[PDB]
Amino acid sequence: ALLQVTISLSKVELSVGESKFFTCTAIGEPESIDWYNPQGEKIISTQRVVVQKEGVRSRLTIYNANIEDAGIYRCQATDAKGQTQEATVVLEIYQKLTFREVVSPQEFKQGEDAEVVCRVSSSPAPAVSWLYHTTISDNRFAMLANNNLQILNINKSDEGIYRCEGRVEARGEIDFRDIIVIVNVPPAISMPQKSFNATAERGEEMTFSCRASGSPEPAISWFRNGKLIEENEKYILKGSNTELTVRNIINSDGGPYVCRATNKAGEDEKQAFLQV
């Protein structure tokens, strides 16, 4: 029948930092068109909260909305008569699922107690969850109150990808992250023979096998008497230094040849004895 006011939106809810504008149409012939913050102050223009007034509409733009922004805004018109209609819009500022400062290739040592870390958060407290394939909860895996999952005896097969999924049932909002898990495993030397034997002056020869086990794969360095063993014409090592061949053994070559195997998770050393 008579004067009335409308707004582009009625109920909006945006993340923090998000921006948006609303338009207030005043169907009629208003002399007055004014906005009001949820505090009841007649909005004045600021380059972050801007108010543009044209014709019979009025646009209110909120840039990078913070938390002091939520509330019931009101556009309110007034003609030459005392008639004074208004429309209102409800703004809700919230927090998207954030995953701040969350490193991946997370490394852990074979035996230790691992805690895979996922720093995730949202306005209504997120509902986090850990997946491997697919869910997980096997009396060795458990989610701490801080959202991280722990693995008590992080065996190396445990090594893999883990999804830290998070949902906000209040918004049907979901988002995950995929973390890589690395199981560092100290070196484990393996050499079937640690006691060899050739004949002196005769141009005999002997190869010495030393294999290891670890993640990363261990580096095998040999030592003799007190010096690192280099190749030379005397010794020839091939299989990434897993096979030490001593050429032209005399009497002086008899005795321990020590085998070192190293990685970032420790070291193992075993030696062979060469009898002449």
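Counting begins at 1, following the sequence as shown.
According to the record, the deposited sequence contains no missing residues between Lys156 and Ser157, so the chain is continuous there.
Between 18-26 and 258-266, it is 258-266 that carries the larger average Cα temperature factor according to the deposited entry. On average the C-alpha atoms of 243-251 have higher B-factors than those of the other stretch, with 61-69 and 243-251 being the two compared. Residues shown: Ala114, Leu91, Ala200, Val128. Highest C-alpha temperature factor in the entry: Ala200.
Out of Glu205, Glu86, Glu169, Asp175, the entry records its largest CA B-factor for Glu205.
Sort the modelled residues of the chain by CA B factor and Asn232 lands in the highest third. When the CA B factors of the chain's modelled residues are split into thirds, the value for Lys109 lands in the middle one. In this PDB entry, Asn184 carries a Cα temperature factor that places it within the highest third of its chain's modelled residues. In the PDB entry, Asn225 places in the middle third of its chain by CA B-factor. When the modelled residues of the chain are ordered by their C-alpha B factor, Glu217 lands in the highest third.
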